[PDB]
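So the structure is just underneath, and the comments pick up after that.
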Amino acid sequence: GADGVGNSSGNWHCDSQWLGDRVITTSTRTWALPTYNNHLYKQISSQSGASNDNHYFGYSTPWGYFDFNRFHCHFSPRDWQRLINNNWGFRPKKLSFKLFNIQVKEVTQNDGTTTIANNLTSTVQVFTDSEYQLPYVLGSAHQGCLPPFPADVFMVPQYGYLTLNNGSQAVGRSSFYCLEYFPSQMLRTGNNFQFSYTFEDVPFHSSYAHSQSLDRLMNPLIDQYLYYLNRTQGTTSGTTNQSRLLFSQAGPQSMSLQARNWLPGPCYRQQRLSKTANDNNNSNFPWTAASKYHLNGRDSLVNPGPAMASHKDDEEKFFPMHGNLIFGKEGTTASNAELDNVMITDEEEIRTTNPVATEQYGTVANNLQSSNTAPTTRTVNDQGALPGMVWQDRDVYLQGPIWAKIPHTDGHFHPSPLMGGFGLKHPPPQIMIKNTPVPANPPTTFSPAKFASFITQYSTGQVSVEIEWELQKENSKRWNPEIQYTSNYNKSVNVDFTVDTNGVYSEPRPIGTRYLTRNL
Amino acid sequence: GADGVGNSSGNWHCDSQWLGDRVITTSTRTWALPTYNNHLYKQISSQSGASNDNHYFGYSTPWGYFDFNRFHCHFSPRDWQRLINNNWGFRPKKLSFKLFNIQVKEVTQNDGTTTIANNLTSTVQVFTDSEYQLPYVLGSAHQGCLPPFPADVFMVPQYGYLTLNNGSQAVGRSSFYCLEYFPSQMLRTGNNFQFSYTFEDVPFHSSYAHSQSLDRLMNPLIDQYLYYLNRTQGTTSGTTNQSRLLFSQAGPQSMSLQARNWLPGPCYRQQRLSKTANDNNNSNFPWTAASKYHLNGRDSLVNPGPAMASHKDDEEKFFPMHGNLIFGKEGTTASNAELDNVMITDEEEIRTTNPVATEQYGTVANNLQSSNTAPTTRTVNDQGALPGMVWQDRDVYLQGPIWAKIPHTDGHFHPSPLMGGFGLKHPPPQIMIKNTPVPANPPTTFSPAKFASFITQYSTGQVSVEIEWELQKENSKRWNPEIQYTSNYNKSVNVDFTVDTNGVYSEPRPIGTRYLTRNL
Amino acid sequence: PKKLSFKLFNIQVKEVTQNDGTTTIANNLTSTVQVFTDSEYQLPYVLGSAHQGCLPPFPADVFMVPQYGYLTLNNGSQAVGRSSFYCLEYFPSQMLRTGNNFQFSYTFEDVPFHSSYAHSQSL
Ligand SMILES: Nc1ncnc2c1ncn2[C@H]1C[C@H](O)[C@@H](COP(=O)(O)O)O1
Ligand SMILES: Nc1ncnc2c1ncn2[C@H]1C[C@H](O)[C@@H](COP(=O)(O)O)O1
């Protein structure tokens with residue numbers, strides 16, 4: 001693709017249409033790119049004795065990058081509703097990436113006024129980490145994605161990565177990556193950038209909730225043919241009746257004693273919190289009493305753990321200590337914001353396959369009972385994996401992460417990103433972008449010294465992203481209507497998912513995905 | 001179709017599947033048929049001086065008939081939800097009718113016990129009024145349709161019709177119809193009946209609500225270029241300023257004064273009622289104060305009138321005196337039942353095209369104002385049809401009527417059935433059914449007298465009805481989610497649209513159709 | 001009416017700066033503009049309401065292009081749940097630089113001739 005100055009290098013493709021078996025979303029946004037790090041690679045690390053479990057070492061690059069690992073980058077609210085309310089599941093298929101209508105602007109502070117002018121001969125550099133040789137910094141819920149609202153212009157994030165570290169120091173096996181050591185396409189105004197990607201085979205997401213329960217699985221009307229022991233001593237308690245071994249045949253009556261075929265999913269107990277700031281202990285325990293793990297003598301918070309339900313029946317006020325994902329409302333400090341300023345996600349559809357996050361797991365025996373010894377019971381707060389266990393995964397939300405790169409290790413278990421979504425061995429590659437350095441006035445005499453005098457300039461253009469989604473259609477013989485997402489028909493102030501009096505788009509609530517029901 | 005005794009003449013086809021562009025519903029039920037009128041055609045009429053506006057004359061036939069002019073005959077609740085929440089509109093296309101697995105039983109009261117036995121050699125008679133030579137008695141919301149619940153067995157309705165009448169007497173131009181004078185197929189056990197029908201071109205129903213309003217149609221930001229007169233006297237009211245003619249250019253400000261292009265629909269004011277039995281007048285006025293019409297000196301209640309909205313904004317408690325359709329809950333006297341026993345339908349989606357039923361229509365002038373005469377205003381309570389008028393039609397409900405035969409007259413206006421649905425010149429024909437008379441013991445001596453001694457017997461079998469529906473797909477660029485029908489996720493007593501403790505199916509609420517939104 | 005041909009061309013994008021007390025206006029050659037047509041009528045039709053901003057009766061007159069706004073469903077100053085929000089960035093649109101242009105053709109439907117006459121008789 002090569003055209004002229006007064007000729008656009010692309011069009012605005014922002015649309016979505018459905019094919020009953022699949023859906024194609026196209027999304028275009030306007031982007032702006034500054035000059036990060038002053039065209040310099042800078043070594044970064046932790047403050048000399050500021051914190052210990054936060055010690056780190058890495059580098060900062062003059063490169064920006066494109067991100068669209070959020071669902072609202074592609075699905076308008078209305079669309080998300082069509083998807084959510086009609087499909088057993090869904091997944092990604094293809095991807096088309098396009099950069100175009102590029103403009104390079106250089107600015108000058110002459111006196112007390114900034115003039116901005118065109119630098120037509122200036123270039124910009126783009127490339128894609130398709131061999132995954134660069135540290136994958138996406139799928140970490142960072143900021144700088146495409147604006148949920150198409151009319152919103154966004155700033156392109158800067159690229160930085162972390163390496164291996166011993167405290168604030170580094171090791172010998174630490175890796176330094178130069179992005180100038182990658183072949184990249186240079187673009188002038190009227191040039192453009194093309195890219196296509198094909199997702200791998202990754203299971204459909206669960207856009208459903210089970211209409212049965214792991215324990216309420218059998219026939220309510222018939223008794224089993226298996227027997228269990230329910231009386232160890234209790235007999236005809238009158239004369240000469242100390243103890244006896246008695247067995248009962250399973251019945252719809254003994255519903256939680258019947259022989260079973262499957263187990264609930266794994267668990268890692270979280271601490272229970274209440275939204276009412278007075279049910280809780282008068283202490284500050286978000287760290288000393290929260291669940292966590294430690295690698296190399298460094299404690300890390302187990303924020304979203306295994307998929308566990310948020311609360312039990314008849315509660316809805318108790319949420320796991322960070323046992324779920326939380327989104328911040330529009331306009332809310334990054335530092336200690338009120339509970340009325342954030343949006344907490346309820347995972348109450350998986351109550352049927354998974355243990356509750358705050359509750360125990362079950363009961364294990366740990367002794368050899370006899371006439372001499374009384375049988376001991378121990379509450380299990382942590383459960384690894386077991387043959388027979390089944391479970392559901394974390395939901396995805398309109399503004400949640402989509403995919404995540406699966407770490408290249410010797411072993412994985414259930415490679416589904418813990419924050420939710422699609423785990424990929426080879427995910428959509430990273431798209432790097434940066435303004436090419438333009439030297440200012442050079443000396444008539446030759447100076448070997450590092451060149452530091454540059455013309456200040458930023459870039460702007462459009463970006464387009466087209467993704468094809470495969471849908472799993474609903475096939476239910478449920479007679480009664482199912483629950484659907486819907487807006488309040490009530491006379492309301494502002495309209496949900498809209499701009500306000502002074503033009504600011506805002507998403508009212510987090511949107512789940514499990515509205516339709518399937519059987520176990 | 002001709003088979004044997006020990007061989008079924010058909011299968012149970014009760015299913016529905018979607019084709020994205022259309023939907024096919026198949027419905028099978030078990031039916032029973034008695035011997036109506038004792039195999040006799042009886043002349044019926046009004047009680048000698050019982051009532052005047054209810055005077056009538058007609059006949060009663062020994063024939064039964066099949067009816068499925070209700071939506072719940074075909075759509076399960078879940079299906080209705082899929083249709084309602086996804087489609088701009090819909091309509092009927094084809095029809096397949098089948099009678100099979102017929103059994104004729106004859107009963108005898110010997111002493112004090114009734115024995116029921118098989119009459120294998122007995123027949124039954126079926127035919128279809130395809131030339132519409134018989135009075136069309138369907139589309140009048142009668143009872144005896146197919147049970148909403150497939151497991152429910154139903155009794156087949158008896159056929160009767162009305163003719164022309166002068167009070168309780170009849171005229172010379174009155175018509176007597178014998179159904180034995182129609183060619184009909186006679187069926188033994190193992191015989192069956194086949195029938196196929198194709199609907200005519202009838203507009204899609206409105207499964208949508210307008211997102212704009214007839215009066216809020218223009219640009220909020222720009223002023224018109226047309227001028228109106230808004231001041232007749234009011235001027236610089238100080239000295240020597242009695243009156244003057246002043247004109248203002250239309251603005252977003254003068255929003256209800258701007259020149260217009262269209263009118264709201266027609267109207268026929270209904271009386272306003274409140275659900276709170278104490279806001280109302282302490283009188284009994286459901287007849288003396290309700291809207292009605294009269295043909296041939298006979299007052300008839302204008303029950304569902306032209307499509308008019310039920311209530312204005314911020315009310316929802318005032319419903320038009322019978323200005324809408326009302327469904328009776330499961331198990332509720334046909335005679336004076338409480339308000340908590342019926343289900344009233346709210347027509348509040350057509351607020352944007354239609355006048356309110358209880359409110360006035362508008363304002364008309366009726367004098368020649370001058371300095372001598374003060375300008376008079378008259379409130380218009382009744383409005384015929386006008387060039388420029390636009391409107392919406394009555395909604396259809398899961399348990400509402402589907403179609404209605406359009407009377408064969410010289411003139412029609414908007415041939416949409418007033419109770420709602422599809423008006424057809426040539427609707428699905430009537431399917432008559434009756435047990436063939438079986439004479440009992442005859443005298444060894446010849447008697448000319450009318451034969452009256454018959455063997456008592458009834459019939460039973462299955463009936464199947466397959467209808468193909470064309471769908472109009474949703475194509476909206478609405479950004480925010482639309483309102484959808486959904487069930488209460490709340491911990492509930494009984495499940496909506498279900499059988500209860502003693503097996504009785506019950507529909508909780510009337511279901512509209514206008515959930516999705518389209519522009520004007 | 002029968003047919004229609006629409007064309008946009010000779011486009012110029014100007015950017016202005018208030019530096020001190022004087023406004024300088026200069027060419028932004030690399031700047032674009034976005035055009036599209038609501039051919040599926042998915043956007044509220046705001047024409048045919050006698051608004052202003054049409055083409056000048058006199059060809060020599062230059063005109064300012066009107067701004068787009070629409071009304072939805074409302075209960076007083078408040079809105080309802082069935083109210084519709086339309087984003088025009090969610091429509092595929094052609095982007096034009098200087099030297100690009102826009103083409104469009106339309107065919108009217110069968111609509112009766114207007115009455116350019118008066119009856120010489122009376123009912
Ligand atoms: N997001 C995602 N990506 C890939 N696989 C998933 C995912 N979620 C669940 N699984 C399941 C599907 C396979 O049966 C299994 C492969 O594990 P393996 O370790 O590859 O043998 O992991
Ligand atoms: N249910 C139904 N059936 C038929 N036509 C309908 C119906 N609802 C609205 N209309 C409209 C469609 C045609 O433009 C018009 C024909 O009227 P005519 O009197 O036939 O010239 O009536």
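Please note that chains go A, B, ... in the order of the structure tokens, that every chain numbers its residues from 1, and that ligands are numbered from 1 in the order shown.
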Could you pull out the residues sitting within 8 Å of ligand 2, using only C-alpha atoms and all ligand atoms, and write them as a PyMOL selection string?
chain B and resi 201-203+403+406+411-417+421-425
Check region 340-498 of chain B with DSSP on the backbone and list each residue it calls strand (DSSP E), as a VMD selection string.
chain B and resid 342 to 344 362 to 365 377 to 380 382 to 383 403 to 405 422 to 424 430 to 435 457 to 473
Write the residues of the selection above to a file with C-alpha atoms, as a compact mmCIF listing (two decimals), in the first residue's frame.
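File again08.txt, as written:
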# COMPACT_ATOMS: atom_id res chain seq x y z
CA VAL B 342 -58.19 -11.17 35.82
CA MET B 343 -55.28 -9.96 33.70
CA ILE B 344 -55.59 -6.56 32.04
CA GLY B 362 -57.59 17.62 20.36
CA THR B 363 -59.08 21.07 19.88
CA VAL B 364 -61.27 22.40 17.07
CA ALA B 365 -62.45 25.96 16.47
CA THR B 377 -62.80 26.21 21.51
CA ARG B 378 -64.47 22.80 21.37
CA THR B 379 -62.95 19.57 22.69
CA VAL B 380 -63.08 16.78 20.09
CA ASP B 382 -64.42 11.56 18.32
CA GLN B 383 -62.23 11.62 15.21
CA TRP B 403 -56.33 -14.24 12.66
CA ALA B 404 -59.89 -13.25 11.74
CA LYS B 405 -62.00 -13.55 8.59
CA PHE B 422 -54.13 -10.94 10.99
CA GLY B 423 -57.22 -10.18 8.93
CA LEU B 424 -57.76 -12.65 6.11
CA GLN B 430 -63.32 -24.53 9.54
CA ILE B 431 -62.78 -28.23 10.22
CA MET B 432 -66.04 -29.98 11.12
CA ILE B 433 -66.15 -33.29 12.97
CA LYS B 434 -68.98 -35.45 14.33
CA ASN B 435 -69.79 -39.02 15.33
CA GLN B 457 -71.10 -43.07 22.00
CA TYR B 458 -68.22 -40.59 21.88
CA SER B 459 -64.94 -40.41 19.95
CA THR B 460 -61.31 -39.63 20.75
CA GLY B 461 -58.07 -39.26 18.83
CA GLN B 462 -55.09 -37.00 18.22
CA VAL B 463 -54.88 -33.83 16.18
CA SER B 464 -51.76 -32.26 14.72
CA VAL B 465 -51.26 -28.73 13.43
CA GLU B 466 -48.12 -27.49 11.68
CA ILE B 467 -47.63 -23.83 10.86
CA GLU B 468 -44.75 -22.08 9.13
CA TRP B 469 -43.96 -18.53 10.19
CA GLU B 470 -42.00 -15.91 8.30
CA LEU B 471 -39.82 -13.67 10.45
CA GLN B 472 -38.74 -10.09 9.91
CA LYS B 473 -35.21 -9.78 11.29
Residues of chain B within 10 Å of chain C, counting only C-alpha atoms - could you list those as a VMD selection string?
chain B and resid 209 to 226 250 to 251 258 to 261 312 to 314 349 351 to 352 475 to 483 515 to 520
Using only C-alpha atoms, what does the table of chain A residues within 9 Å of chain B look like, with each row giving the shortest atom pair and its distance in Å to one decimal, sorted by chain and ascending number, as a Markdown table?
| residue | atom | partner | partner_atom | distance |
| --- | --- | --- | --- | --- |
| A:20 | CA | B:20 | CA | 7.0 |
| A:76 | CA | B:479 | CA | 6.1 |
| A:77 | CA | B:480 | CA | 5.4 |
| A:78 | CA | B:481 | CA | 4.2 |
| A:79 | CA | B:481 | CA | 7.8 |
| A:80 | CA | B:481 | CA | 8.2 |
| A:81 | CA | B:481 | CA | 6.3 |
| A:82 | CA | B:86 | CA | 8.3 |
| A:86 | CA | B:82 | CA | 8.3 |
| A:314 | CA | B:491 | CA | 8.6 |
| A:477 | CA | B:78 | CA | 8.5 |
| A:478 | CA | B:78 | CA | 6.8 |
| A:479 | CA | B:78 | CA | 5.5 |
| A:480 | CA | B:78 | CA | 5.2 |
| A:481 | CA | B:78 | CA | 4.3 |
| A:482 | CA | B:487 | CA | 5.9 |
| A:483 | CA | B:486 | CA | 4.6 |
| A:484 | CA | B:486 | CA | 4.9 |
| A:485 | CA | B:484 | CA | 6.7 |
| A:486 | CA | B:483 | CA | 4.6 |
| A:487 | CA | B:483 | CA | 4.9 |
| A:488 | CA | B:483 | CA | 7.0 |
| A:489 | CA | B:483 | CA | 6.6 |
| A:491 | CA | B:314 | CA | 8.5 |
| A:495 | CA | B:480 | CA | 8.0 |
| A:496 | CA | B:480 | CA | 6.6 |
| A:497 | CA | B:480 | CA | 5.7 |
| A:498 | CA | B:480 | CA | 7.1 |
Would you export the selected residues with C-alpha atoms as a PDB file, in the first residue's frame, please?
ATOM      1  CA  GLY A  20     -26.532 -16.686  12.655  1.00  0.00           C
ATOM      2  CA  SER A  76     -21.376  -2.321  21.334  1.00  0.00           C
ATOM      3  CA  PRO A  77     -23.666  -2.782  24.348  1.00  0.00           C
ATOM      4  CA  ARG A  78     -26.618  -3.685  22.123  1.00  0.00           C
ATOM      5  CA  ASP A  79     -24.514  -6.327  20.367  1.00  0.00           C
ATOM      6  CA  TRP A  80     -23.253  -7.793  23.618  1.00  0.00           C
ATOM      7  CA  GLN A  81     -26.927  -8.168  24.522  1.00  0.00           C
ATOM      8  CA  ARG A  82     -27.689 -10.066  21.299  1.00  0.00           C
ATOM      9  CA  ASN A  86     -29.001 -16.116  22.451  1.00  0.00           C
ATOM     10  CA  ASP A 314     -29.874 -15.651  50.660  1.00  0.00           C
ATOM     11  CA  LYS A 477     -36.259 -27.770  25.422  1.00  0.00           C
ATOM     12  CA  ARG A 478     -36.899 -25.586  28.467  1.00  0.00           C
ATOM     13  CA  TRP A 479     -40.635 -24.806  28.430  1.00  0.00           C
ATOM     14  CA  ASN A 480     -40.658 -21.665  30.590  1.00  0.00           C
ATOM     15  CA  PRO A 481     -38.945 -18.381  29.608  1.00  0.00           C
ATOM     16  CA  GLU A 482     -35.313 -17.943  30.638  1.00  0.00           C
ATOM     17  CA  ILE A 483     -33.798 -14.865  32.247  1.00  0.00           C
ATOM     18  CA  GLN A 484     -32.541 -12.247  29.805  1.00  0.00           C
ATOM     19  CA  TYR A 485     -30.525  -9.071  30.156  1.00  0.00           C
ATOM     20  CA  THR A 486     -32.679  -5.977  29.737  1.00  0.00           C
ATOM     21  CA  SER A 487     -32.761  -2.252  30.425  1.00  0.00           C
ATOM     22  CA  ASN A 488     -35.058  -0.630  32.980  1.00  0.00           C
ATOM     23  CA  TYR A 489     -38.189   0.472  31.123  1.00  0.00           C
ATOM     24  CA  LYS A 491     -38.701   6.606  33.713  1.00  0.00           C
ATOM     25  CA  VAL A 495     -29.787   6.374  29.542  1.00  0.00           C
ATOM     26  CA  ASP A 496     -27.658   3.299  30.276  1.00  0.00           C
ATOM     27  CA  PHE A 497     -24.364   3.157  28.350  1.00  0.00           C
ATOM     28  CA  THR A 498     -24.448   6.697  27.008  1.00  0.00           C
TER      29      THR A 498
END
May I have all residues of region 17-154 of chain B that DSSP, computed from the backbone, assigns to helix (DSSP H, G or I), given as a PyMOL selection string?
chain B and resi 36-39+71-73+77-84
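By only C-alpha atoms, and with residues fewer than 4 positions from region 229-234 of chain A along its chain excluded, the set lying at most 6 Å from it is residues 243, 244, 245, 246 and 247 of chain A.
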Could you dump the residues just selected with N, CA and C atoms as an mmCIF file, in the first residue's frame?
data_model
loop_
_atom_site.group_PDB
_atom_site.id
_atom_site.type_symbol
_atom_site.label_atom_id
_atom_site.label_comp_id
_atom_site.auth_asym_id
_atom_site.auth_seq_id
_atom_site.Cartn_x
_atom_site.Cartn_y
_atom_site.Cartn_z
ATOM 1 N N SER A 243 -24.379 -50.343 70.924
ATOM 2 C CA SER A 243 -24.037 -50.015 69.541
ATOM 3 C C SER A 243 -24.356 -51.142 68.557
ATOM 4 N N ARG A 244 -24.460 -50.788 67.276
ATOM 5 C CA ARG A 244 -24.764 -51.753 66.221
ATOM 6 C C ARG A 244 -24.521 -51.146 64.838
ATOM 7 N N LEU A 245 -24.206 -51.994 63.861
ATOM 8 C CA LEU A 245 -23.956 -51.543 62.490
ATOM 9 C C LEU A 245 -25.195 -51.693 61.610
ATOM 10 N N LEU A 246 -25.818 -50.569 61.270
ATOM 11 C CA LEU A 246 -27.059 -50.581 60.497
ATOM 12 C C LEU A 246 -26.931 -49.804 59.187
ATOM 13 N N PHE A 247 -27.487 -50.371 58.118
ATOM 14 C CA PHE A 247 -27.344 -49.804 56.779
ATOM 15 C C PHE A 247 -28.685 -49.448 56.149
#
I want to know what sits within 7 Å of region 262-272 of chain B, based on only C-alpha atoms, with residues of the same chain fewer than 4 positions away left out; could you give that as a ChimeraX atom specification?
/B:290-291,305-306,308,318-321,323,353-355,357-361,381-385,388-391
Deliver the residues from the most recent selection as a file, using N, CA, C and O atoms, as a JSON list (two decimals), in the first residue's frame.
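And here's selection-v8.json as it stands now:
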[["chain", "number", "residue", "atom", "x", "y", "z"],
["B", 290, "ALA", "N", -70.57, 3.82, 29.02],
["B", 290, "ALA", "CA", -69.52, 3.25, 28.18],
["B", 290, "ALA", "C", -69.77, 3.56, 26.71],
["B", 290, "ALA", "O", -70.91, 3.82, 26.31],
["B", 291, "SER", "N", -68.71, 3.54, 25.91],
["B", 291, "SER", "CA", -68.82, 3.78, 24.47],
["B", 291, "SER", "C", -69.42, 2.57, 23.75],
["B", 291, "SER", "O", -69.07, 1.43, 24.03],
["B", 305, "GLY", "N", -61.91, -0.85, 20.83],
["B", 305, "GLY", "CA", -62.11, 0.13, 19.77],
["B", 305, "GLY", "C", -60.86, 0.30, 18.94],
["B", 305, "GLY", "O", -59.96, -0.55, 18.98],
["B", 306, "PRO", "N", -60.78, 1.40, 18.16],
["B", 306, "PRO", "CA", -59.54, 1.69, 17.46],
["B", 306, "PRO", "C", -58.37, 1.58, 18.42],
["B", 306, "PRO", "O", -58.54, 1.72, 19.63],
["B", 308, "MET", "N", -55.92, 2.70, 20.65],
["B", 308, "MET", "CA", -55.59, 3.89, 21.41],
["B", 308, "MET", "C", -54.82, 3.49, 22.66],
["B", 308, "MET", "O", -55.04, 2.41, 23.21],
["B", 318, "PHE", "N", -54.82, 3.85, 35.55],
["B", 318, "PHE", "CA", -56.07, 4.11, 34.84],
["B", 318, "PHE", "C", -56.15, 3.33, 33.53],
["B", 318, "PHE", "O", -55.33, 3.52, 32.63],
["B", 319, "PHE", "N", -57.14, 2.45, 33.44],
["B", 319, "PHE", "CA", -57.35, 1.67, 32.22],
["B", 319, "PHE", "C", -58.70, 2.03, 31.59],
["B", 319, "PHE", "O", -59.66, 2.30, 32.31],
["B", 320, "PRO", "N", -58.76, 2.04, 30.25],
["B", 320, "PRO", "CA", -59.98, 2.41, 29.54],
["B", 320, "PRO", "C", -61.12, 1.45, 29.85],
["B", 320, "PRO", "O", -60.89, 0.25, 29.94],
["B", 321, "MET", "N", -62.32, 1.99, 30.01],
["B", 321, "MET", "CA", -63.51, 1.18, 30.18],
["B", 321, "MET", "C", -63.53, 0.16, 29.06],
["B", 321, "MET", "O", -63.89, 0.49, 27.93],
["B", 323, "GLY", "N", -61.45, -0.71, 27.16],
["B", 323, "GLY", "CA", -60.73, -0.23, 26.00],
["B", 323, "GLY", "C", -59.53, -1.10, 25.65],
["B", 323, "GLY", "O", -58.63, -0.67, 24.92],
["B", 353, "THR", "N", -47.86, 7.12, 18.45],
["B", 353, "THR", "CA", -48.60, 7.24, 17.20],
["B", 353, "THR", "C", -50.08, 7.46, 17.46],
["B", 353, "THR", "O", -50.78, 8.06, 16.64],
["B", 354, "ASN", "N", -50.55, 6.97, 18.60],
["B", 354, "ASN", "CA", -51.98, 6.97, 18.89],
["B", 354, "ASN", "C", -52.39, 7.83, 20.07],
["B", 354, "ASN", "O", -51.64, 7.99, 21.03],
["B", 355, "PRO", "N", -53.61, 8.40, 19.99],
["B", 355, "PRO", "CA", -54.20, 9.17, 21.08],
["B", 355, "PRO", "C", -54.49, 8.26, 22.27],
["B", 355, "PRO", "O", -54.59, 7.04, 22.10],
["B", 357, "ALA", "N", -56.84, 6.56, 25.00],
["B", 357, "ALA", "CA", -58.23, 6.12, 24.92],
["B", 357, "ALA", "C", -59.18, 6.94, 25.79],
["B", 357, "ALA", "O", -60.28, 7.29, 25.37],
["B", 358, "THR", "N", -58.73, 7.26, 27.00],
["B", 358, "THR", "CA", -59.55, 7.94, 27.99],
["B", 358, "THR", "C", -59.54, 9.46, 27.82],
["B", 358, "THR", "O", -60.52, 10.14, 28.14],
["B", 359, "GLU", "N", -58.43, 9.99, 27.31],
["B", 359, "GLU", "CA", -58.27, 11.43, 27.12],
["B", 359, "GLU", "C", -59.03, 11.92, 25.89],
["B", 359, "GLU", "O", -59.55, 11.13, 25.11],
["B", 360, "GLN", "N", -59.09, 13.24, 25.73],
["B", 360, "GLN", "CA", -59.66, 13.85, 24.54],
["B", 360, "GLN", "C", -58.80, 13.52, 23.32],
["B", 360, "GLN", "O", -57.85, 12.75, 23.42],
["B", 361, "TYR", "N", -59.15, 14.11, 22.18],
["B", 361, "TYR", "CA", -58.34, 13.96, 20.98],
["B", 361, "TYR", "C", -57.53, 15.22, 20.72],
["B", 361, "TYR", "O", -56.30, 15.18, 20.61],
["B", 381, "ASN", "N", -63.97, 14.70, 20.93],
["B", 381, "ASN", "CA", -63.94, 13.41, 21.61],
["B", 381, "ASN", "C", -64.01, 12.25, 20.62],
["B", 381, "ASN", "O", -63.85, 11.09, 20.99],
["B", 382, "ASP", "N", -64.26, 12.57, 19.35],
["B", 382, "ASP", "CA", -64.42, 11.56, 18.32],
["B", 382, "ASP", "C", -63.84, 12.03, 16.99],
["B", 382, "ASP", "O", -64.22, 13.08, 16.47],
["B", 383, "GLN", "N", -62.92, 11.24, 16.44],
["B", 383, "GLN", "CA", -62.23, 11.62, 15.21],
["B", 383, "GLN", "C", -62.25, 10.54, 14.14],
["B", 383, "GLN", "O", -61.69, 9.45, 14.33],
["B", 384, "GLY", "N", -62.87, 10.84, 13.00],
["B", 384, "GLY", "CA", -62.84, 9.96, 11.85],
["B", 384, "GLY", "C", -61.44, 9.88, 11.26],
["B", 384, "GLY", "O", -60.45, 10.10, 11.96],
["B", 385, "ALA", "N", -61.36, 9.57, 9.97],
["B", 385, "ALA", "CA", -60.06, 9.42, 9.31],
["B", 385, "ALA", "C", -59.67, 10.67, 8.54],
["B", 385, "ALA", "O", -60.51, 11.36, 7.97],
["B", 388, "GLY", "N", -53.02, 12.14, 6.12],
["B", 388, "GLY", "CA", -51.84, 12.50, 6.88],
["B", 388, "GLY", "C", -51.73, 11.72, 8.17],
["B", 388, "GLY", "O", -50.67, 11.67, 8.79],
["B", 389, "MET", "N", -52.84, 11.12, 8.59],
["B", 389, "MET", "CA", -52.86, 10.35, 9.82],
["B", 389, "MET", "C", -52.05, 9.07, 9.68],
["B", 389, "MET", "O", -52.09, 8.40, 8.65],
["B", 390, "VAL", "N", -51.31, 8.73, 10.73],
["B", 390, "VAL", "CA", -50.59, 7.47, 10.80],
["B", 390, "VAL", "C", -50.86, 6.84, 12.15],
["B", 390, "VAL", "O", -51.17, 7.54, 13.12],
["B", 391, "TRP", "N", -50.75, 5.52, 12.23],
["B", 391, "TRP", "CA", -51.02, 4.84, 13.49],
["B", 391, "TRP", "C", -50.39, 3.45, 13.58],
["B", 391, "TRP", "O", -49.84, 2.94, 12.61]]
One number please: CA of residue 91 (chain B) to CA of residue 394 (chain B), in Å, one decimal.
14.9 Å
What does the distance from CA of residue 150 (chain A) to CA of residue 18 (chain A) come to in Å, to one decimal?
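CA of residue 18 (chain A) lies at a distance of 19.6 Å from CA of residue 150 (chain A).
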